[PDB]
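Q: Below: one structure in structure tokens.
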Amino acid sequence: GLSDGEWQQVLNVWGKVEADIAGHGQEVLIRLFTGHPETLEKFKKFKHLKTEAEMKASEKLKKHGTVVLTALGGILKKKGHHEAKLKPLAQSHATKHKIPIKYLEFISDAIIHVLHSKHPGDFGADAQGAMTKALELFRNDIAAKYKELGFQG
Ligand code: HEM
């Protein structure tokens, strides 16, 4: 779905993430939860966090941020051949935690927002378009697996 140049733009900005993956992950989750509070309800560990300030002080939230962006990074680095890396993630988010595709769109938006905020010089208009396409491919392929797994997403 993406050109070689588009994947380069994706992996270029992703390199910036790997220098502070916990900080990025924290900011992504806080953007998600504050922008779409219904998503917070999915997390038994975190839904007690009422405010952005409480979220920022949570070590466990930050650690989960690391887990999320580590998994996403592994998937992005597989470019268009990401099915093997994506498979276990689709499975867990269709069974252990049922996460609607809409919420994956919300976190996609959050990722794009955080990347634009922290690395604008590596995330101009075209790079943002490339990442948008990469995260769309991600959601589309998860959705396809969801259905096989019997989850309407
Ligand atoms: C870029 C998208 C996402 C990625 C890469 C991702 C990745 C992960 C990973 C690696 C785990 C731990 C292992 C696993 O269960 O698979 C996890 C757990 C979890 N995810 Fe996601 N996730 C994403 C989006 C979401 C969204 C949008 C929600 C809810 C709105 C969500 C809800 C959860 C919950 C509730 C857990 C368990 C947390 C815990 O153990 O306390 N995920 N996720």
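Throughout, chain A uses Swiss-Prot numbering, with the displayed residues spanning 2-154 in order.
According to its header, the structure was obtained by X-ray crystallography, 1.2 Å.
Placement of Cβ uses the backbone N, Cα and C atoms for every residue, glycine included.
Quick paste of what Swiss-Prot says about this protein:
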{"type": "BINDING", "residues": "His65", "note": "nitrite binding site"}
{"type": "BINDING", "residues": "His65", "note": "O2 binding site"}
{"type": "BINDING", "residues": "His94", "note": "heme b binding site"}
{"type": "MOD_RES", "residues": "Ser4", "note": "phosphoserine"}
Q: When you tally the Cβ atoms that lie within 10 Å of each candidate's Cβ, which of the binding-site residues (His65, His94) has the highest tally?
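A: Of the binding-site residues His65, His94, the highest Cβ count within 10 Å belongs to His94.
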Q: Look up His65 (nitrite binding site) in the DSSP assignment and report helix, strand or coil.
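A: Its secondary structure by DSSP: helix.
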Q: In whole Å, note down how far the CA of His94 (heme b binding site) lies from the CA of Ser4 (phosphoserine).
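A: Just about 28 Å between their Cα atoms.
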Q: Between the residue listed as 'nitrite binding site' and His94 (heme b binding site), find the distance joining the two CA atoms and give it rounded to the nearest Å.
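A: Cα-Cα, rounded: 15 Å.
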